[PDB]
Amino acid sequence: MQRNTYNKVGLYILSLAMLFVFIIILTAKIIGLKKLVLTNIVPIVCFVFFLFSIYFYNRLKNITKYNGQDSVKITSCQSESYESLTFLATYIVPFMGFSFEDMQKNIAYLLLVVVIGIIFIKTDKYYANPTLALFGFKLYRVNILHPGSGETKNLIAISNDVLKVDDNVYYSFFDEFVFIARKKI
Amino acid sequence: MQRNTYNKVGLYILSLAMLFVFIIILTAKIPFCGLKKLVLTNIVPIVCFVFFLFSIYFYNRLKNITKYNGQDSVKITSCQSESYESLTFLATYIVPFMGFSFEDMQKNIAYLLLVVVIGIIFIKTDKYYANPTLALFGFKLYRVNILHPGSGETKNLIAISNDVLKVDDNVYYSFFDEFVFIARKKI
Amino acid sequence: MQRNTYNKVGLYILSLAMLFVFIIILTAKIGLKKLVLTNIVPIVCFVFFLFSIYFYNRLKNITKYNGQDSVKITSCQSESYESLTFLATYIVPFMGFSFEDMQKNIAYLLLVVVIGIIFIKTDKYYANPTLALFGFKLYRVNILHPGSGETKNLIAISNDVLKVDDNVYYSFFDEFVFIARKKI
Amino acid sequence: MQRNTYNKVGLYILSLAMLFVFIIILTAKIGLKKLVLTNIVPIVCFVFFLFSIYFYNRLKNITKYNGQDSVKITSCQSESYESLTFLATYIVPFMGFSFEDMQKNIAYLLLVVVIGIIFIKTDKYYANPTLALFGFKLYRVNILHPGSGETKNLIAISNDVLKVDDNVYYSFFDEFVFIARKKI
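Residues numbered from 1 in each chain as written, not as in the entry; some residues may be left out. Chains lettered and ligands numbered in written order. Heavy atoms only, no water.

**Some words on the domain arrangement of chain B**
All names here are of chain B. Here is the rule: Those domain boundaries reflect an automatic or database domain assignment. Contacts are assigned to residue pairs with any non-hydrogen atoms lying within 4.5 Å of each other. Take the accessible area each of two parts loses on contact, using a 1.4 Å probe, and add the two losses: that sum is the buried area. The rule for a salt bridge is simple: a side-chain nitrogen of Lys or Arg has to be within 4 Å of a carboxyl oxygen of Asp or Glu. Any pair of nitrogen or oxygen atoms within 3.5 Å is treated as a polar contact; in protein, a donor-acceptor pairing is required on top of that, and neighbouring residues in sequence qualify only through side-chain atoms on both sides. Only DSSP runs of H or I covering at least 4 residues are called helices, and only runs of E covering at least 2 are called strands; the numbering of each starts at the N terminus.
Here the domain parsing of chain B yields domain 1 (1–67 + 86–131) and domain 2 (73–84 + 133–187). On a C-alpha basis, the centroid separation for the pair domain 1 and domain 2 is 28 Å. On the side of domain 2, 13 residues touch domain 1, which itself brings 15 residues to the contact. Carbon and sulfur atoms make up 67% of the area that domain 1 and domain 2 hide from each other, which totals about 1,500 Å². Linking domain 1 to domain 2 there are zero salt bridges. Applying the counting criterion to the domain 1 and domain 2 interface returns five residue pairs in polar contact. Those elements that provide at least two residues to the side of domain 1 that touches domain 2 are α1 (2–15), α2 (17–27) and α4 (43–67).

Here you go:
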């Protein structure tokens, strides 16, 4: 339960990484180093989320590095390629002027991004935010066959590589709704 | 007739409950320390606080709707996972420049007329069940064909429930309006 | 062509009429010629609202026309999409940005006219559920005109619910759509 | 490969052609180089306004390339979507954004590019209605080349109107999506 949820939010934090770079180039109050961290209190507290996202980006590729225990079977392929652009129109646009010169206001903006965190995970739509396509992630439904268990029903999968039809390659499961794939050497 | 519109707009207030919590946390005024001037600055926070208590009351009302069992027939078959959940309705309701902006009072009631016009024009188009804030409270949305104990089979109507429900399970229900309805699980 | 485009763009005018009656309250800043001179955009959007009143009564007078018009409909089916990207690009801008300078207000009126010509050319006028606030419902219906023949499921607009296979009244917009009434 | 992408980005950069027309109006500041130094955001987008004209004559050269190409299309069908999620995100919200300060004005120009890097890779550059403002009506076509086989529901771009099942002319963006026009 816990380990299915900590990796779950990691794509969403990776999905907000393209948002996070704007705040540095939107908040530029630029020697009294105590005053600079006082005046520019907002970029120095959001830069760690850039460090969080890169850490999850290295984490996401490290799941694919585990190759000593993975199973290898895929039946068929289908590239649906939705990547719904409406999510960009929900989460990145409404922070026009993210730092409107009052920290009490800026609590609510940071309150907004975490409340939609529970919203946009529990609705199970995190894999269609088009910021994930910036990192070359291709989306597709494939009904695989497991080597041990039976046939799956056209499950949504996200991966960085283009798959041909019925290619028995490596992968790694995320849950029984989505997973992460690989290629066979 | 009046109760259908009443619990329709009550579900709309439950959808806007997070907007309400955001706007108490947004436009509350700092004392940092004669109270009547602070109350005069507290007018938008207190009216949306009354709105938030209305949301609490209608959430308790929905729990009461789950609680009446004496007049409840069961008679449920099948299940189909529709799961539409269009987030554009979130992007229009809960972020009107994030609710309100703190400059002018007549502009504030202009946004008040904006949100009540939005309320009437999305209750008149029979698609109130749209926001992904109902799923924040734990609800899930999917469309199931139902037979009646007295009447026959429905025609692919929308259902709403909190607890998890599956195919051909004979479970409880409520009656929101003549079209959509709330379900539970049979104990 | 001129009358067809005129009563085509009038639906979009009535769509934006709700935005105009918001912006009356939005930009109202209250020997009165100074008050006239400062609040010129309430006056011109009030004029636009009067144009909306004129077109609402114009299509109402169109709906009274049933004698000289042909009145033949068969069948019915309902689609009823009326999505909200239209209102997301219509109302949400005018509450999104700031509205002070008249020089930039000229550019916002140029927004209005170019988004009108976009929504005219691409055939997305029959949209923005502000129309459905005025009793309107959307569904495509294959109608029969026995002088001409059977049509193929063209999208239709009416202010009343119409069921299947009823020889109700209509009035004709242009080569694809029409407004509809109910027979007596 | 190399020549495909530079023509692929031209559809997006001409879809923002009218966006440049209001930036010179929204930030209209009206020896004399100090006047130029104030209004850098009109005069920079006036250059891509000239680039929008430049690609508009360039795409006509693509249609008017030569005569040995552009052989035949067998079938035709229509989709005509012009989905409006791309509007209110691409043309509109920059006016929803405000231009008053220098450091944001560079920062919103990075918001232009990071849209387009996504928008190219999502393969959605046949959907802006601003491209349809220039007279283009957009519709998928199954084609059969004489020397090649039958392709499966590829996307066609055409200014002038075409009917169904006619052997007509074309031109290429790349192998997948293509320009269509009419046979003399």
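And the narrative resumes.
**Section: the relation of the copies chain D and chain C**
In summary, the two copies of the chain are related to each other by a rotation about an axis coupled with a shift along it. Note the cut-off: Copies share a common frame after least-squares superposition on their C-alpha atoms.
Take chain D, turn it by 92 degrees, move it 0.0 Å along the axis, and it overlays chain C with an RMSD of 1.1 Å. What we have between these two chains is a four-fold relation. Mapped onto chain C, only 20% of the interface residues of chain D again fall at the interface, so the copies present different surfaces.

**Here's the deal with the nonpolar core**
The test is simple: By nonpolar core is meant a set of buried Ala, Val, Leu, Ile, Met, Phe, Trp, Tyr and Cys residues that side-chain atoms within 4.5 Å join together. In this scheme, a residue with accessible area under 20% of its type's maximum is buried, one over 50% is exposed, and one in between is partly exposed, where area comes from a 1.4 Å probe on protein chains only.
Formed by 121 residues in total, the largest nonpolar core has its most connected members in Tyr 91 of chain A, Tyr 90 and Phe 94 of chain C together with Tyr 90 of chain D. Apart from the residues within four sequence positions on either side, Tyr 90 of chain C is in contact with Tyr 12, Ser 15, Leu 16, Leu 19, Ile 115, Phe 119 and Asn 128 of chain C. Counting residues in hydrophobic clusters, the runner-up holds 14 residues, among them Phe 139, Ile 158, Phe 176 and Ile 182 of chain B.

**Observations concerning the arrangement of the chains**
Between chain A and chain C there is no contact, and the shortest C-alpha to C-alpha distance separating them is 9 Å. Chain B shows no contact with chain D. Their nearest C-alpha atoms sit 10 Å apart.

**Points about the sheet that holds strand β4 (residues 178–181) of chain D**
Residue and element names in this part refer to chain D. Applied cut-off: Think of it this way: DSSP has to see at least two bridges between two strands before they count as a pair. Interaxial angles span 0 to 180 degrees and are taken between N-to-C directions of axes, which are lines fitted to C-alpha atoms, for helices over the stretch in contact.
As summarised here, the arrangement of the four strands in space is β1-β2-β4-β3, forming an open sheet in which the pairing is mixed. The open sheet has two free edges, formed respectively by β1 (137–141) and β3 (169–172), since each of these has just one partner strand. Across this sheet, the average inter-strand angle for adjacent strands is 35 degrees, counted without regard to direction. When strand β2 (residues 154–158) meets β4, the two strands line up parallel, connected through three bridges. Opposite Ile 157, over in β4, you have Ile 179 as the bridge partner.

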